[PDB]
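Shown here is one chain on its own, the form deposited in one PDB entry, set out as structure tokens.
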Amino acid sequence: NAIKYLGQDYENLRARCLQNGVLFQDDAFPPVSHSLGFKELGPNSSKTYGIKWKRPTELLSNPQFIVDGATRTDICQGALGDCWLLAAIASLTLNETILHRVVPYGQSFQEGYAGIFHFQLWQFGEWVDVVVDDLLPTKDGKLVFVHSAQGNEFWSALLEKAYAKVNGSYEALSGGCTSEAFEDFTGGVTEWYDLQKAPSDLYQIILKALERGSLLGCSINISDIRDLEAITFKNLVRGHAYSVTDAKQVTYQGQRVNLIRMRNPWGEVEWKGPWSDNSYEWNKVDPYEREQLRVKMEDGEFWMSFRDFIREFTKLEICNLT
């Protein structure tokens, strides 16, 4: 059994709120500016000024904790520099077992609802249960930070809030290391690869990692400072964490081509080179591979050849589960 962060007891708090006819408000991470941040999201900042804390049950008639699965499309970054955390959550969803350790089953906005949710994280050398109230930062009725493509879905928003909580505030999340998020979801072992020095068996390493349900993400280090833009010529975002979500081989004009699939945690802004959703390359693979693999959609997720991936990106991080 997970130990209670700060002694806060999810089921006890929930049953007591329901008995008392109230919705939970979290003393440990209250719905006030200090839970947003301290500087950029401080009490005297532009960003903070627009923000009102509202429950999904105040936003919508039918809020849902999970809709059509807890899946990577549910992870669409908002106005916070927490790409590294969101990339890890999207990777997490590909491993159903570790997903539902972090995201306990049986949580909802209907029967037993008392405005409190909980998540489990690997923190302080312990698996910890973390509670949150479901007050969320909103502006003009819309979530400011993470949201799902499914606008009535709230699990990822609540998980991001619980992760903010353990780190002190949402602002505390602005900038970080994907592998740090991977570890907090697994207690696993992280390693990283310098892609300009990729071992010759790197594609097999990625294949095996994905098969065992390890978490993988990737990034392009901005080397000069940002002095060729943040967005590259072929629509990649530098210094930005992407989730690695698949690796598959296609037969391209009778020749095997190793592909890798990645996802921008923005849920949009995709690679425009070979194997991108609209690329010609797909005209030349057999129709069955093309239909299994290519999804023509602005969803943040796209394919690159492994060759192009290693030239464009600089760093792969892999968290292996023990």
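Start at 1 and count along the sequence shown; that's the residue number. Shifts are known only where both forms have a C-alpha. Here the rigid core means the biggest group of C-alpha atoms that line up within 1.5 Å when the two forms are laid on top of each other.
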Of 219 to 227 and 163 to 171, which one has the bigger average CA B-factor? 219 to 227
Per the entry, higher mean C-alpha B factor between 94 to 102 and 142 to 150: 94 to 102
Residue, from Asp74, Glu211, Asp129, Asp133, that the PDB entry assigns the highest Cα B-factor: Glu211
Quick one: which of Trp84, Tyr203, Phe233, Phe182 shows the highest Cα temperature factor in the PDB entry? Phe233
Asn62 - which third its CA temperature factor falls in, relative to the rest of the chain: middle
Can you tell me which third, lowest, middle or highest, the CA B-factor of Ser279 falls into for its chain? highest
The third of the chain into which the C-alpha temperature factor of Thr245 falls is the lowest
Would you mind ranking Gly37 by its C-alpha B-factor against the rest of the chain and naming the third, lowest, middle or highest? middle
Per the entry's values, where does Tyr288 land by CA temperature factor relative to the rest of its chain, in the lowest, middle or highest third? highest
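Beyond what is shown, the protein has a form deposited in another entry; the following relates to that form.
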After rigid core alignment between the shown form and the other one, the listed option with CA shift of 2 Å or more out of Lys142, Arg212, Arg226, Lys197 is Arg226
Threshold 2 Å Cα movement between the shown form and the other one at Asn258, rigid core reference: no
Large Cα shift (2 Å or above) at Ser46 between the shown form and the other one, core-fitted: yes
Closer or farther: C-alpha pair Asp227/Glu180 in the other form, relative to this form, given a change of 3 Å or more: closer
Relative to what is shown, are the Cα atoms of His240 and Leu228 closer or farther apart in the other form, where the gap shifts by 3 Å or more? closer
Core fitted, what stretches of 3+ consecutive residues have C-alphas moving by 2 Å or more between the shown form and the other one? 42 to 49, 223 to 229
